[PDB]
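In structure tokens, one chain follows: the form deposited in one PDB entry.
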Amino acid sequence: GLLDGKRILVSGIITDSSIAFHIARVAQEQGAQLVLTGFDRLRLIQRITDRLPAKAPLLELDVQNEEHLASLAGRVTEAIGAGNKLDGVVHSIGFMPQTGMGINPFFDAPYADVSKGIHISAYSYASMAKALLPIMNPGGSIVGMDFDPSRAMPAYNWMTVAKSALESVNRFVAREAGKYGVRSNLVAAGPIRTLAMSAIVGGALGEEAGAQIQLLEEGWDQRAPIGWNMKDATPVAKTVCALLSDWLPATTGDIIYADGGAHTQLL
């Protein structure tokens, strides 16, 4: 398998539609031994991770919690065993309150909400790198999840702002990670219709919000020379696994686009 013998920490599983759920699934299919981290609802997360091909210890991690971060390395060390290290780290954590993305006007998002969004979505990529680099093997790899923020797009609002910050954090994390022989990269994925986005499409935020996501999806599939299936996270999961492998050994501080080539085309 592509990741045979590799010890990989994977964060961000909340539902079986989570991009992380599919990263974990494909990583296990490729012979990786995983350590999973979950936020808040750990009983629910355990029930979700029970749906994976194989068993994996599950650790609690709230990236806004300093105690969880200060203890993370020792907790990982305990789960994988003394004398062992992590070969890979997957950051698949993203959040922005409704006030910062959706139908709320861009100017009406309060800074508390935007700052919480940027803490979890951008700053936490450096926090996790800081906590895990000392327990990472040389040749190691850290992958974060990006959504192309190069051009402004309706609805995404402050989440697009958080992704621009994340892109910058990634290049600085690469400088630190390099000292440990570790690579740091982001995967910029096309839109994925998780349980949450399926509710917006249905109308949880009103008919205007639904139509906004319906138009994005259509446009993305049209633009992509190989097409784009919003319901399938496998292509994105495989790209993350490719960055976790030894098959992109000279790529760091960079962004790999798993978007069907949509960002390279105007129409």
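Throughout, rigid core stands for the largest set of C-alpha atoms superposing within 1.5 Å between the two forms. Residues that one form lacks are left out of the comparison. Quick note: we count residues from 1 along the sequence shown, nothing fancier.
K.L.:
For the C-alpha atoms alone, is the average B factor greater in 164-172 or in 95-103, going by the entry?
P.N.:
The deposited B-factors put 95-103 ahead on the C-alpha mean.
K.L.:
Quick one: say whether 210-218 or 224-232 has the higher mean Cα B-factor in the deposited entry.
P.N.:
Higher mean C-alpha B-factor in the PDB entry: 210-218.
K.L.:
Of the options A189, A122, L132, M153, which has the highest CA B factor as deposited?
P.N.:
Largest recorded C-alpha B-factor: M153.
K.L.:
Quick one: classify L2 as lowest, middle or highest third of the chain based on its Cα B-factor.
P.N.:
Within its chain, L2 is a middle-third residue by C-alpha B-factor, going by the deposited values.
K.L.:
With respect to C-alpha B-factor, does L266 fall in the lowest, middle or highest third of the chain as deposited?
P.N.:
Its C-alpha B-factor, which the entry lists for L266, ranks in the highest third among residues of this chain.
K.L.:
Lowest, middle or highest third: where is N185 by Cα B-factor in its chain?
P.N.:
It belongs to the lowest third of the chain when residues are ordered by C-alpha B-factor.
K.L.:
Quick check for you: using the entry's CA B-factors within this chain, is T49 in the lowest, middle or highest third?
P.N.:
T49: CA B-factor falls in the highest third of its chain.
K.L.:
For the chain shown, is the CA B-factor of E78 in the lowest, middle or highest third of its modelled residues?
P.N.:
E78: CA B-factor falls in the highest third of its chain.
From this point on, the text means the form deposited in another entry, which you will not see here.
K.L.:
Just one of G31, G203, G227, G219 has a CA that shifts 2 Å or more between the shown form and the other one on a core fit; which is it?
P.N.:
So the only displaced C-alpha belongs to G203.
K.L.:
Moving stretches between the shown form and the other one on a rigid-core fit: which runs of at least three residues all have C-alpha shifts of 2 Å or more?
P.N.:
Core-superposed, the single displaced stretch is 200-207.
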